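Quick setup: one chain, the form deposited in one PDB entry, written in structure tokens, and binding and motion questions come after.
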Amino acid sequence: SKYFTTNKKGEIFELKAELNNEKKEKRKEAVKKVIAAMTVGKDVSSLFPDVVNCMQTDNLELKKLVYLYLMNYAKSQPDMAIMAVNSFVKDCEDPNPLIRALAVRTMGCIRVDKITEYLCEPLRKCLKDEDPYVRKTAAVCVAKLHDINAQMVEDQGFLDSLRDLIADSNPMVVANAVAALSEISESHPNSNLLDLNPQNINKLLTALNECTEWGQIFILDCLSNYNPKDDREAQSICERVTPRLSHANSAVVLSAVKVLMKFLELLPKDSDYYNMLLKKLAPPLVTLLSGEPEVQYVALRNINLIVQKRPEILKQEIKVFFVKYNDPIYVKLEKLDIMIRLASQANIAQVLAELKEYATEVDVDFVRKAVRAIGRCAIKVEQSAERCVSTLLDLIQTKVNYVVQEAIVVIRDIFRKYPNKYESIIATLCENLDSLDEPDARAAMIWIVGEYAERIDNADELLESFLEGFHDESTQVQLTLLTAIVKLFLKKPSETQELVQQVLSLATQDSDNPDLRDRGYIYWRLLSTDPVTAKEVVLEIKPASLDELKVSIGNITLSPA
């Protein structure tokens, strides 16, 4: 039954008694001990009448405490908080701008039905209130009302009410009118604030100077939703935004930049003003990357995108995007992404020595990303390919297992874009073959012997090594080793009549992988039909024997065994 739910003794009896103590100093302590209770999930339900009695006071701290309590019920139990309506109507009448706002916020955080009857007329008082704390409060409470049922054609009067509040003494009321209205905006029909607005923007770009740092953030965001029609329209908005090169460190600079990017392309491209703007954004972006580690993250993610479009904006400032040992991994990587995208022919001196500085550290994860990111510094810029391949064969010699296996992979992705060039390397590279456990790095070595099977006599006695445990290999390897040993055959058809049986016989006859089986057969049928159409499909361009092919394909059959 109701075991341990008595209200005739225990912690609730004692509280209900403290809540009725005529010494208000003990009532205050009661309502705290109740608030503190809710927080650890006690059923302070029985007390509601006694806590709401405590409101019958001319003490500010005591009333405010009772609010805090009903608020906690607002979000979880909206039904419970309905019961104290008559209080919130009356508590906007109170001659204190502390209580007035406090009655508003609490009605608008109740989310049921009846609420409309009581709330609409007192919000009228507080929008035309003699205090800008009660104005900034109602301006947000309009938003809360639009969020409950009924679009309300009187709420179409509250839309004027809000626009009316954009013109105001206080930019913290302007501030929360912008914010309020653009939230309201992106709901119900579309096109519900694009006024004439050149004085609207004008109130906003005056606002954007003397405003509390969060007012700007709400502003700049709406500014960024608009398309100017002409040059000097957009080009002037820009001029007044110029000073948001600091404000609320990041939450501003960025919402500024967002605008200055939109209104730099609806600039002619002229290189008249365009030019002045572009050397003005280089400082303020780079300031964000010394604040709190988490914002550095959000900056680098907007920079990366920004630098996809306008790489020259920070061509100059690649120096302030290198990595520090103590940077959070998620910052190390976003930085690494941008370094790759600022890699001129000038700075690869620096960069490719800062990528080496990394690949030598203790963080295995980041280290792996750095040596791949060297590949990216060879693929993107042909010049430095020779310097890059230097760094890689340096790390290969520190003998660090995981640095060796990532490096030997990138090298291959280089042999693919810069062929028949690097080639005295293949004989250095196979000095590390014994310990290549990662199945990526294996396949890379297999394909490198694939191509360049004629630069190496040794090729025959390596490809055989990896066939010994054909299964227990990455199917990735089984596919690279298939292509490689049909590549060795289409180059030395004789001493490699050996290796084509087994591989083509293990693909066709031993493996259950249909995709591998398929390719065994697809290759086996290519050598069978005519070993000259096989030649041309399988090998690309440069940078009548045939008897010795056809004597060898008439010799090979394929068995499970």
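We number the residues from 1 along the sequence you see. We call the rigid core the largest set of C-alpha positions that still match within 1.5 Å between the two forms.
According to the entry, the deposited sequence places 10 or more unmodelled residues between residue 543 and residue 544. Checked against the record, the higher mean CA B factor of 149 to 157 and 132 to 140 lies with 149 to 157. Here the stretch with the larger average CA B-factor, out of 203 to 211 and 402 to 410, is 203 to 211. Between the residues 308, 106, 480, 432, it is 432 that shows the highest Cα B-factor in the PDB record. Each of 354, 91, 451, 327 has a CA temperature factor in the record; the biggest one is found at 91.
Among all modelled residues in this chain, the alpha-carbon of residue 518 has a temperature factor (C-alpha) in the middle third. In the PDB entry, a CA B factor belonging to the lowest third of its chain's modelled residues is recorded for residue 15.
For residue 86, the recorded CA B-factor ranks within the highest third of the chain. Only modelled residues enter the ranking. Compared with the other modelled residues of the chain, the Cα B-factor recorded for residue 263 ranks in the middle third. Among the modelled residues of its chain, residue 22 has a C-alpha B-factor that falls in the middle third, as given in the PDB entry.
Absent from the display: the form deposited in another entry. The rest refers to it.
Just one of 93, 265, 294, 386 moves its Cα by 2 Å or more between this form and the one not shown on a rigid core overlay, and this residue is 265. Once the rigid core is used as the reference frame, the Cα position of residue 529 differs between this form and the one not shown by 2 Å or more.
In the other form, the Cα-Cα separation between residue 267 and residue 260 grows by 3 Å or more relative to the displayed conformation.
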